[PDB]
Amino acid sequence: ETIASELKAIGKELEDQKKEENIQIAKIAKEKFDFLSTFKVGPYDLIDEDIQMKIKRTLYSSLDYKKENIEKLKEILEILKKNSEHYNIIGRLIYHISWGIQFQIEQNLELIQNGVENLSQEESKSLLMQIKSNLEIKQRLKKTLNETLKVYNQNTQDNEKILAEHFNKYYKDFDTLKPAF
Amino acid sequence: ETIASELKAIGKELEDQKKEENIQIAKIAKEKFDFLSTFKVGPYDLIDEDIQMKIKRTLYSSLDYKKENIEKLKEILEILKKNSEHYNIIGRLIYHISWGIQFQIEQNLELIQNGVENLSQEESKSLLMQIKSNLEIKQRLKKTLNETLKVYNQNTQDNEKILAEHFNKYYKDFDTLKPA
């Protein structure tokens, strides 16, 4: 039973994702468009570097580190933050999902660093399967966000049209303005 | 008849208006939301203090100097700026209209400062009438900016709804995401 050989490679696998996201994430730091570094869901929330680190990993990744889309994400978050009823749903995306995913990936990584030999054959199978699920989800998230960006873009868009139409109606000249009464 | 007396009064009236806006406008740069100070329509446009002054007068006035609505105006402008096809229409609002209005007022103000006596009787009638039109315009503009913000509010609104339901669909848990 050489599942060991498999796991050992699946590991060096995601341990690579981490080194290169670490870099891509560092650049964004001095390029000063890393909003997650100061992003709180509610007013007086405490901010843990390590917890935010995981969150940046999964959020900045699904956005291929593209400055623009990151800006757009920040805008969407900001907008939903306005209503307190949206706090919960935002946390699910930010914590239960974006952090939860990297948290899982850490425990998997550890199990391996601890020695795959020290694992049963039953366990060794689960772990591999478990890892695969995580890397599968990591994609669903990337796909999801893209649809989200699509939603926001389409909206900002309709707004543009609407606004422009109005302008051309009323701002052509003094005579296009609304009656004084 | 005493049109000269009327003229001279009307001039004191609007010269006061200026004085209070001058204050209210100073305050806004003090609280740092005077976006019109830096605003350019296109990339490399030159910015004249005096021309911007007039523009702030009419735009900040119609909005009633409220920071809430001034912010909203900035957002609308920003949004239309993206497309170059919107440059012209934005200028009409910013220049032809908002500056043009104060420019007219200035020339009227001058005519008076120069001496109403030095004016024909028919000339004096025009001026007075002309002034009145400008004041009316100012209102039509205020009435329109009010609609402009209405529209905007309803939009920001639909967006909110849309966004909120899209989250409470694809983000309840892992199970609710995007399948292959």
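Going line by line, the protein sequences match chains A and B. Under our numbering, the first residue of the first sequence carries the number -10, and numbering increases by one thereafter. Under our numbering, the first residue of the second sequence carries the number 15, and numbering increases by one thereafter. Note that the Cβ used here is the ideal one computed from N, Cα and C, for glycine as well.
**Message:** What residue range does the alpha helix (DSSP H) around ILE108 (chain B) cover?
**Reply:** Following the DSSP letters along the chain, one finds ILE108 (chain B) in no alpha helix (DSSP H), marked with neither H nor E.
**Asked** How close, in whole Å, do the beta carbons of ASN58 (chain A) and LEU52 (chain A) come, if the pair is a contact with beta carbons under 8 Å?
**Response** That belief holds up - the Cβ atoms of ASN58 (chain A) and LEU52 (chain A) are roughly 4 Å apart, short of 8 Å.
**Request:** With 9 Å as the threshold, decide whether the Cβ of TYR101 (chain B) is near any Cβ in chain A.
**Result:** Chain A, which has no Cβ nearer than 9 Å to the Cβ of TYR101 (chain B), makes this no.
**Message:** Taking the straight line between their C-alpha atoms, what separation do you get for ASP164 (chain A) and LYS46 (chain B)?
**Reply:** Their Cα atoms are separated by approximately 34 Å.
**Item:** Residue-level contact to chain A via CB, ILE126 (chain B), 9 Å cutoff
**Value:** No, no contact with chain A.
**Request:** Give the interface partners of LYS167 (chain A) over in chain B, defined as CB-CB distance under 8 Å, in chain order.
**Result:** Per Cβ cutoff of 8 Å: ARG154, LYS157, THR158 and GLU161.
**Message:** With a threshold of 6 Å on Cβ separation, who are the neighbours of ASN97 (chain A) within its own chain once the five nearest residues in sequence on each side are excluded?
**Reply:** Scanning its chain for C-beta atoms nearer than 6 Å, with the 5 sequence neighbours on each side dropped, one finds around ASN97 (chain A) the residues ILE120, in chain order.
**Request:** Just tell me which of A:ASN148, A:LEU152 and A:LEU138 has its CA closest to the CA of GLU60 (chain A).
**Result:** Proximity to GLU60 (chain A) across A:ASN148, A:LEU152 and A:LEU138 peaks at A:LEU138, based on C-alpha coordinates.
**Message:** For a cutoff of 9 Å on Cβ pairs, would you count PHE24 (chain A) as touching chain B?
**Reply:** No, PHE24 (chain A) does not count as interfacial toward chain B.
**Contact set between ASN169 (chain B) and chain A, taken where Cβ atoms lie within less than 9 Å** = Near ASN169 (chain B) (Cβ distances below 9 Å), the residues of chain A are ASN144, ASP147, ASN148, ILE151 and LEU152.
**Item:** Limits of the alpha helix (DSSP H) - the one that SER50 (chain A) falls within
**Value:** Unbroken alpha helix (DSSP H) run through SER50 (chain A): 38 to 51.
**Asked** So which residues on chain A does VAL165 (chain B) lean against when the C-beta distance must stay under 8 Å?
**Response** Residues of chain A passing the Cβ test: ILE151, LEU152 and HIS155.
**Prompt:** What residue from B:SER138, B:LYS186 and B:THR72 has the CA that sits closest to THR158 (chain B)'s CA?
**Reply:** Taking only the C-alpha atoms, the option nearest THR158 (chain B) is B:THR72.
**Residue range of the alpha helix (DSSP H) that includes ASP172 (chain B)** = First-last of the alpha helix (DSSP H) with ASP172 (chain B): 135 to 184.
**Asked** Roughly how many angstroms lie between the CA atoms of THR170 (chain B) and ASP147 (chain A), to the nearest whole one?
**Response** Their backbone Cα atoms lie some 11 Å apart in a straight line.
**Request:** Note down, in chain order, each residue of its chain lying with its Cβ closer than 8 Å to the Cβ of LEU117 (chain A), except the 5 sequence neighbours on either side.
**Result:** Spatial neighbours of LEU117 (chain A) in its own chain (CB-CB distance under 8 Å, excluding positions within 5 residues in sequence) are listed in chain order as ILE(-8), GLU(-5), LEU(-4) and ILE(-1).
**Request:** Evaluate the contact criterion for the stretch 98 to 114 of chain B versus the stretch 128 to 138 of chain B: three or more CB pairs, one atom per stretch, below 8 Å.
**Result:** Touching, no, given that fewer than three Cβ pairs across the two stretches are closer than 8 Å.
**Item:** For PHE188 (chain B), the three-state DSSP class (helix, strand or coil)
**Value:** In the structure shown, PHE188 (chain B) sits in coil (DSSP, three-state: anything other than H, G, I, E or B).
**Prompt:** How is the alpha helix (DSSP H) around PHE92 (chain A) delimited, first residue to last?
**Reply:** Note, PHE92 (chain A): alpha helix (DSSP H), 89 to 102.
**Request:** Compute the distance between the beta-carbons of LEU124 (chain A) and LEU3 (chain A), then report whether it is under 9 Å.
**Result:** If you check the CB distance, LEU124 (chain A) and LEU3 (chain A) come in under 9 Å.
**Asked** Do we get a CB-CB distance below 9 Å when we pair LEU94 (chain B) with the residues of chain A?
**Response** With 9 Å as the cut-off, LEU94 (chain B) counts as an interface residue toward chain A.
**Message:** Rounding to the nearest angstrom, what Cα-Cα distance links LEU166 (chain A) and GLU34 (chain B) in this structure?
**Reply:** If you take the alpha carbons of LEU166 (chain A) and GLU34 (chain B), they lie about 26 Å apart.
**Request:** Kindly list the residues whose CB is nearer than 7 Å to the CB of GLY105 (chain B), restricted to its own chain and excluding five residues on each side of it in sequence; keep chain order.
**Result:** If we look at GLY105 (chain B) and ignore the five residues flanking it on each side, its Cβ neighbours are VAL55.
**Request:** Could you confirm whether any beta carbon from chain A is found closer than 9 Å to the beta carbon of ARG106 (chain B)?
**Result:** Chain A contact via Cβ: present.
**Prompt:** Are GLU124 (chain B) and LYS68 (chain B) closer than 9 Å when you measure CB to CB?
**Reply:** At least 9 Å separates the beta-carbon of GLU124 (chain B) from that of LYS68 (chain B).
**Prompt:** Using a C-beta to C-beta distance shorter than 7 Å, which residues of chain B count as neighbours of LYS55 (chain A)?
**Reply:** Ordered by position in chain B, no residue passes the 7 Å Cβ test against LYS55 (chain A), which lies about 18 Å from the chain.
**Request:** Identify, in the order they occur along the chain, each residue of the same chain with its Cβ nearer than 8 Å to the Cβ of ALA18 (chain A), setting aside the five sequence neighbours on each side.
**Result:** Taken in chain order, the residues that qualify are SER26.
**Prompt:** For the alpha helix (DSSP H) that contains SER(-6) (chain A), what are its first and last residues?
**Reply:** That run of the alpha helix (DSSP H) goes -8 to 19.
**Asked** Which of the three DSSP states, helix, strand or coil, is assigned to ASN132 (chain B)?
**Response** Note: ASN132 (chain B) maps to coil in three-state DSSP.
**Asked** Which first and last residues belong to the alpha helix (DSSP H) in which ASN58 (chain A) is found?
**Response** The continuous alpha helix (DSSP H) containing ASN58 (chain A) extends over residues 56 to 70.
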